[PDB]
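Structural overview
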Amino acid sequence: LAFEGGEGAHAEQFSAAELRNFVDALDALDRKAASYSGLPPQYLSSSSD
Amino acid sequence: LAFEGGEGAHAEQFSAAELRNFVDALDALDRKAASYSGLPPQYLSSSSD
Amino acid sequence: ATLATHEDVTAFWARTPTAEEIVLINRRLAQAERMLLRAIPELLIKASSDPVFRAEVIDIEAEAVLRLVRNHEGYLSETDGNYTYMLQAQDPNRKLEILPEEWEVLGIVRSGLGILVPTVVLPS
Amino acid sequence: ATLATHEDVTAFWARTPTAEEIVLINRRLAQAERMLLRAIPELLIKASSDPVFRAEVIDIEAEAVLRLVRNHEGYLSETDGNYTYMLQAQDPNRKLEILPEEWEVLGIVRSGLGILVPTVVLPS
Amino acid sequence: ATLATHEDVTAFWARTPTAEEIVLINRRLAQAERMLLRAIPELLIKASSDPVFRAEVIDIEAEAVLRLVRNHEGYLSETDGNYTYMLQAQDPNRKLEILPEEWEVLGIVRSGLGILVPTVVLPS
Amino acid sequence: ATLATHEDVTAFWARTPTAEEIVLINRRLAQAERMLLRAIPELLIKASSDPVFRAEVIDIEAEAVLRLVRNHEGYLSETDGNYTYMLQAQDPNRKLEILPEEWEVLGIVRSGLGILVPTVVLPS
Amino acid sequence: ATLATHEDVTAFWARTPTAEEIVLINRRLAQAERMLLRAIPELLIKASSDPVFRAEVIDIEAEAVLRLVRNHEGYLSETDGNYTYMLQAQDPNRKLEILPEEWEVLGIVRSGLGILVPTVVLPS
Amino acid sequence: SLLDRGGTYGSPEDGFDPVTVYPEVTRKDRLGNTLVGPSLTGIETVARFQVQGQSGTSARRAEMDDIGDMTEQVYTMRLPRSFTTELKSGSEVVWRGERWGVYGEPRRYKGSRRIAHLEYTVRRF
Amino acid sequence: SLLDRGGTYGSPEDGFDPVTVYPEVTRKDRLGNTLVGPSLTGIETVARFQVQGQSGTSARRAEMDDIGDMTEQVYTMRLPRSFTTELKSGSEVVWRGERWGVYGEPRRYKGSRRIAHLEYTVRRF
């Protein structure tokens, strides 16, 4: 894109929200839900050993 | 590319969106879908052991 | 003759020219005419068909010439003791031009955004 | 045809125009009318039935001409015998314009946020 | 007649106007009243029924005209053989307006925060 | 009538006002009282029974009018025969205002910190 | 003989040149003709065929020269007994030049984007 | 332009007063001497009057009592350039209802087309 | 430069009036005295005239009534430097169809080769 715009005209952007800022709370609530229930860890945390 | 610059002209970019930011949520939802269904971890969350 | 005439320029100018400034006004009107006619090849067909388009052309020519003949001697001040004046420090009226906001009136609008498109010739 | 007349521009100027300034004011009112009509196609019809809108167009035309006939051929100062005057350092007023805050009275408003939309033709 | 009158503008100006300046003040008062009325459609109903609110409208109209008619002739300095003056650096070529501090006295006020709301059509 | 009177403004000015400056001072005192009476609805009630508070109001008004009236003609210099003078510089944009510290004398003040509070309606 | 004439320059100048200025104009117009004829090798052929193109070449030659002859003595001011004048300040060290927009009227243009192309000789 | 500003006899600008102006006419006396004086029919116009700098040897002469109640008054006087008629020595003006003589010929200032004008002096004594 | 501007008698520049200039020659009178006066053959040219003589001891003399309808006018006068002839004090000028005497010899200004010029006075009474 090419612009006549000048005299201080410029382009800038708002950043994305990082969705892992919620996912690392979803992992923390799966640890609590496993702790309260006493299920084997792999029933909730399917990446665990 | 050599340009005339009589305004004080300059080049700019809007940045790329990082597709990993959505894959962070696709991983989280595969762990939830696996956990609710009770399937072996590799049926859904195949990023697992 | 041109669409506008020296009677138009001497009406937007609040003053009457000498016969030496009249030939300048005619020469500048003939220069303004060709700029509009080159930008809009239809100009004479539009100006003979539509009276409000004619009205816009007539005073875009008259004001374009008025920007040059206004104070064309280049004086800032004069005196001879019993009288004197001083003018505003205007920017020099260097060349005949039509404003961007005058080109909007004839409908020859221009985009301030354009695109550069990269090309590569495709294989056989 | 003008709704406002040189009596309106005179009433806002307080000074009385000479026969040259009357011709100038008549031609610039016929330009200000024409600028508003080209932006507001309803203008003459609505001004014939809404009497407060009629007052607003007349005073906006008279303003638009007044700020351009006021101190034309703009002197900064003059003297004559032993009398002398000097004016405030005004804008070199050289163009007929209607202000954004006058277009808002006619009911037309410049939205200062607009968007560029990317597009690509969908395949077949 | 208008709500304020040329006696109010005279009383705040502290000079007796000439008949040309009375004609100017009558046009400006009509413009200032109409400018308030378009923003506050009940203005005349309030001013007919609350005498304290009426007094605000009277002085806001008189002030809005006064700052525009004060030195409208635009001299910075004027002189003869034995009397002269020079004025402060007042604003040249100024405009009729009502200030934010006058609108809030009339009970019109506008926020310094506004929300852009992203919206998307929900599917069906 | 107004709490303060043109004798108060005259006493702080240390000049006798002319017959029209008396009218200006009375119109300005009417504004100054009306501005205080909006911000402190009980103003006249407090002034009826607290003489120290009344003594403040009587010269918060007279100071506010005097800041405006003090050089209302807007001169910087004059000459008369062989006599001439020049003033210190002053703001041309003079308007009737009560200072933040004068509101603090009236016993009302802003806070320079305020909190924007995010809210979302809770589900049901 | 030269395509434009000292009468063309005189018409745009609105002063009668003295016999020394007539010689100067006759040298300068031939310099303008060479300068155009080097950039457009067909100039005189195209001007013999197209009278609108001829009119542009005539007025570009005349106006390109007029930028030099206008105040060529370099005065800012002179006085003569009572009489005295002063000029709006204007460019020192002027020389014969054709503007980018005058080349565009002659139908030739410089683009502001060019490519530097890396190259390496391929082996054998 | 303070030149050609003045308006018209029914409605002057601020700096200008309405005047009736009686241009030059030539007459014979009883003995055939050729005299000059004001016409019997005057044009109506507007004029700009400013006090002439009567000083020193001429300031004491403003009032006298050697043979009668006597005074001199001197003003420079100028007419808008739309007034094409030229006044001459011994032409007269009615200003403020009083009658004033043009004194000497007009002074011609001619430096350039914009500046060019005539200024007169008038006296009453 | 203002010293070299002027045009020609059939078409002057802005500040210059066309004139016929009669340079001086000497004649014998009846008794053999030699008198200066204007030549019979005039030269067509152009000249720059400016007002003069406004000092209080001379401004009084502009119109008189002692023996006749006498008036006196004074102007400084300059020809463009292309006019190589010099007007000695017996010379005369026809300006606006009136005949004006040169008055005293020309003033010479000579500060440098570009400033150098002659200025005259003309008078009519």
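Presented here is a report on the structure given in the accompanying data block.

1. Structural notes on the overall build of chain C
- Of regular secondary structure, chain C possesses five helices and three strands.
- Each helix (α) and strand (β) of chain C, taken in turn from the N terminus, gives the series α-α-α-α-β-β-α-β.
- Against the globule reference of 14 Å for 124 residues, chain C gives a C-alpha radius of gyration of 20 Å, more extended than a compact globule.
- Considering only C-alpha atoms, chain C reaches an extent of 85 × 35 × 20 Å along its principal axes.
- In chain C, the share of contacts with a sequence separation of at least 24, taken over all contacts with a separation of at least 6, comes to 66%.
- Put simply, chain C shows about 6,400 Å² of open surface, and 60% of that area lies on carbon and sulfur atoms.

2. Quick word on the pattern of salt bridges
- Scanning the entire structure with this criterion turns up 68 salt bridges over all chains.
- We note a salt bridge from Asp91 of chain C to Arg94 of chain D, for which the minimum N-O separation is 2.7 Å. Taken together, the residues span two chains, with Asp91 of chain C in the loop between β2 (83–87) and α5 (100–103) and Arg94 of chain D in the loop between β2 (83–87) and α5 (100–106).
- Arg94 of chain D gets classed as partly exposed once you look at its relative accessible area, which sits at 40%.
- In this structure, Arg15 of chain G and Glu13 of chain I form a salt bridge, with 2.8 Å as the shortest nitrogen-oxygen distance. One end of the pair, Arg15 of chain G, is in the loop between α1 (6–13) and α2 (19–39); the other, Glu13 of chain I, is in the loop between β2 (11–12) and β3 (17–22), on a second chain.
- A residue is classified by how much of its surface remains accessible, and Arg15 of chain G, at 30% relative accessible area, is partly exposed.

3. A closer look at the nonpolar core
- With 58 residues, the main nonpolar core has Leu36 and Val69 of chain D together with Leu36 and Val69 of chain E as its most contacted residues.
- Apart from the residues within four sequence positions on either side, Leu36 of chain E is in contact with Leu43, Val57, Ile60, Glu61, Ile98, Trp103 and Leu106 of chain E.
- Among the nonpolar cores identified, the runner-up in size contains 28 residues, and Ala4, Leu43, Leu68 and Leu96 of chain C belong to it.

4. A closer look at the relation of the copies chain G and chain C
- Rotating chain G by 30° and translating it 0.1 Å along the rotation axis places it on chain C, where the RMSD comes to 0.7 Å.
- Comparing contact sets, just 12% of the residues at the interface of chain G also lie at the interface in chain C, consistent with a heterologous contact between different surfaces.

5. Some thoughts on the relation of the copies chain E and chain D
- When chain E is fitted to chain D, the best match, at an RMSD of 0.8 Å, comes from turning it 30° and sliding it 0.1 Å along the axis.
- Taken as a fraction of all interface residues of chain E, those also at the interface in chain D reach only 12%, which identifies the copy contact as different-surface.

6. Quick word on the interface of chain G and chain C
- Contacts between the two partners involve 25 residues from chain G, matched on the other side by 25 residues from chain C.
- In this assembly, chain G and chain C are joined by seven salt bridges.
- Here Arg27 of chain C makes a salt bridge to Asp59 of chain G, at a shortest N to O gap of 2.7 Å.
- Where chain G meets chain C, there are 15 residue pairs in polar contact.
- The biggest single contributor to the side of chain G that touches chain C is helix α4 (residues 51–69) of chain G, with six residues.
- A per-class count over the side of chain G that touches chain C returns 14 nonpolar, three polar and eight charged.

7. Side note on the packing of helix α1 (residues 6–13) of chain F against helix α2 (residues 21–39) of chain F
Residues and elements named next belong to chain F.
- In the contact formed by α1 and α2, the axes pass within 9 Å of each other and the chain directions differ by 110°. When the axis of α1 is compared with that of α2, the two are roughly perpendicular. Of the two elements, α1 crosses α2, and the hand of that crossing is right-handed. On α2, the residues that touch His6, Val9 and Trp13 of α1 are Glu21, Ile22, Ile25, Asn26 and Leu29.
- Class assignment for the residues of the contact of α1 with α2 results in five nonpolar, two polar and one charged.

8. Quick notes on the interface of chain E and chain D
- Listed by partner, the interface residues are 25 residues for chain E and 27 residues for chain D.
- Buried surface at the junction of chain E and chain D, summed over both partners, amounts to about 2,300 Å²; 51% is from carbon and sulfur atoms.
- The partner of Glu63 of chain D in a salt bridge is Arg28 of chain E, with the nearest N and O atoms 2.7 Å apart.
- On the surface where chain E and chain D come into contact, there are 13 residue pairs in polar contact.
- For the side of chain E that touches chain D, the elements supplying multiple residues, two or more each, are α2 (19–39) and β1 (75–79) of chain E.
- Broken down by class, the residue content of the side of chain E that touches chain D amounts to seven nonpolar, nine polar and nine charged.

9. Concerning the side chain of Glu61 of chain D
Residue and element names in this part refer to chain D.
- Mapped onto the secondary structure, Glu61 falls in helix α4 (residues 51–69).
- A polar contact is formed between the side chain of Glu61 and the backbone nitrogen of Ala4, at a distance of 3.4 Å.
- What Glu61 contacts, discounting residues up to four positions off in sequence, is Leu3, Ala4, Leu29, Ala32, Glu33 and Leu36.

10. Quick look at the arrangement of the chains
- At no point do chain B and chain D touch; the closest pair of C-alpha atoms across them sits 13 Å apart.
- Separated in space, chain B and chain H share no contact, their closest pair of C-alpha atoms being 41 Å apart.

11. Digging into the pairing of strand β11 (residues 117–124) of chain I
Residues and elements named next belong to chain I.
- A large share of β11 lies buried, amounting to six of its eight residues.
- Sheet topology places strand β7 (residues 73–78) next to β11; five bridges connect them, and they run antiparallel. Looking at β11, one finds that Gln73 is bridged to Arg124.
- Of the strand pairs in this sheet, strand β9 (residues 98–102) and β11 are connected by two bridges, and their pairing is antiparallel. Of the residues in β11, the one forming a bridge with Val102 is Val122.
- Bridge count between strand β10 (residues 107–109) and β11: three bridges; the pairing is antiparallel. Bridge assignment links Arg108 to a residue of β11, and that residue is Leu118.

12. Concerning the sheet that holds strand β2 (residues 83–87) of chain G
- The ten strands lie next to each other as β2(F)-β1(F)-β2(E)-β1(E)-β2(D)-β1(D)-β2(C)-β1(C)-β2(G)-β1(G), forming an open sheet whose pairing is antiparallel. Strand pairing shows two members of the sheet lacking a second neighbour, β2 (83–86) of chain F together with β1 (77–80) of chain G, which therefore form its edges. In this sheet, adjacent strand axes meet at a mean angle of 10° when their direction is disregarded.
- Summarising the sheet, β1 of chain E and strand β2 (residues 83–87) of chain E pair through three bridges and their orientation is antiparallel.

13. Thoughts on helix α2 (residues 19–39) of chain D
- With 21 residues, α2 of chain D extends 31 Å from end C-alpha to end C-alpha; this agrees with the ideal 30 Å at 1.5 Å per step.
- Taken together, the buried positions of α2 of chain D are occupied by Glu21, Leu24, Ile25, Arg28, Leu29, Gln31, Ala32, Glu33, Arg34, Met35 and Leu36 of chain D.

What counts, and where the lines are drawn
Residues numbered from 1 in each chain as written, not as in the entry; some residues may be left out. Chains lettered and ligands numbered in written order. Part of a larger assembly, values for the part shown. Heavy atoms only, no water. Helix = DSSP H or I, 4+ residues; strand = E, 2+ residues; numbered from the N terminus. Rg over C-alpha atoms; globule rule 2.2 N^0.38 Å. Contact = heavy atoms within 4.5 Å. Areas by Shrake-Rupley, 256 points an atom, 1.4 Å probe, with all protein chains shown as cover. Salt bridge = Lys/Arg side-chain N within 4 Å of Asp/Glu carboxyl O. Buried < 20%, exposed > 50% of the residue type's maximum accessible area, 1.4 Å probe, protein only. Core = buried A, V, L, I, M, F, W, Y, C linked by side-chain atoms within 4.5 Å. Least-squares fit on C-alpha atoms. Polar contact = N/O pair within 3.5 Å; in protein donor to acceptor, adjacent residues only side chain to side chain. Nonpolar A, V, L, I, M, F, W, Y, C, P; charged D, E, K, R; others polar. Axes fitted to C-alpha atoms, helices over the stretch in contact; angles between N-to-C directions. Parallel < 35°, antiparallel > 145°, perpendicular 65-115°, else oblique. Left-handed = near helix turned anticlockwise from the far one by under 90°. Buried area = accessible area lost by both parts, 1.4 Å probe. Pairing = 2+ DSSP bridges. Expected span 1.5 Å × (residues − 1).

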